[PDB]
């Protein structure tokens, strides 16, 4: 082959397609019985299907009467909801399969191992091996669930669960504890809170969400608290164990203090994910890892070994499907002899709660930390005509712009359809646009996108 990709998550599968379109003969080596990796199988896709259906459940209970639409107390058919989740996964998995066949990409089921000298071994569950040969190898093995630092935790996937078990619970738990107030914890904890679980989120940091913009994260926390989610922030989990029919979670203040124990029927552990390297034979092959276990790479995605490249969640940068796909495209282009580029300054991030959160570019914390003087413009959806007509008035758009040049440096949206609207700000930033330029662009009225224009005008005036 011209290229062997090891893994078929977003980064690898897109890399394989792009390379195939650039005329290469490609093989993709994958353990899993389906393509699509974490995102399509056990990540973005299933959780988005549950988020959508649970949101429609919530809206049926609370958002229809003020519109003149009178329904009897909505009832949940959880199995039917899970069948929607499954059908959505199957569409996405089959879509990959169809794309590999369209593009004549050869798929190999089994565990791949990097040998070094343009060789890769594949071993299928039946035990037999095959050596494949290729001029280029891309490692695209993705990430795995992490545990809790210093705490031993036994995942059983019914009581102590990872996101995988939490997507497939057999019944709405009466109560659920989410360890980790990052994107995955808050999204899954909203799903179950909507369906009737009493949900508490326990988080090490004093704030939810990673280094997302502090103001937006605090506003999200406030809204999710109104939706009935309890938060225990600055809390160091020291134990999470099955206990009887449920589980027990022990935590104490991070800064020291008396311990608390909480009981719940289910505990979701959703701490940061980690690069997945085990099994690739990297030590023997001479592929160097950094101190966090990431495959070390240069700016051309090349590892310490010639002809071997790495992308996606197994290397540095945000662990996001679309980041991984953009790297897959760049490395394919690089291998075909074009320079490939990923613009690391304009990668949007979205949290699919309601309100939805979306960001691109810098946060206030990053600008302050860099000593950059900036201007802030904010416009609330309560002042927007479409938000009012749809009764979706929570949240705001904030634009950050350089003090001296008015260049937009970041935009952050909390509110309905945030993860769609952020793209007009991503496009603006690709052109080095100013807040003036954004605010002067004609936006249709009445649309929620008018709040992005208004925020930009506020930043400029």
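Residue numbers count along the first chain shown, from 1.
Note on 359 to 367 vs 104 to 112: mean CA B-factor is higher in 104 to 112. As recorded in the PDB entry, 34 to 42 is the stretch of 34 to 42 and 401 to 409 with the greater mean C-alpha temperature factor. Sorting 86, 327, 215, 157 by the CA temperature factor given in the entry leaves 157 at the top. Comparing C-alpha B-factors across 313, 345, 125, 265 in the deposited entry, the largest value falls on 125.
Ranked by Cα temperature factor within the chain, residue 176 sits in the lowest third according to the deposited record. Sort the chain's modelled residues by C-alpha temperature factor and residue 292 lands in the highest third, per the entry. Sort the modelled residues of the chain by CA B factor and residue 183 lands in the middle third. In the deposited entry, the Cα temperature factor of residue 204 places it in the highest third of its chain's modelled residues. Among all modelled residues in its chain, residue 378 ranks in the middle third by Cα B-factor.
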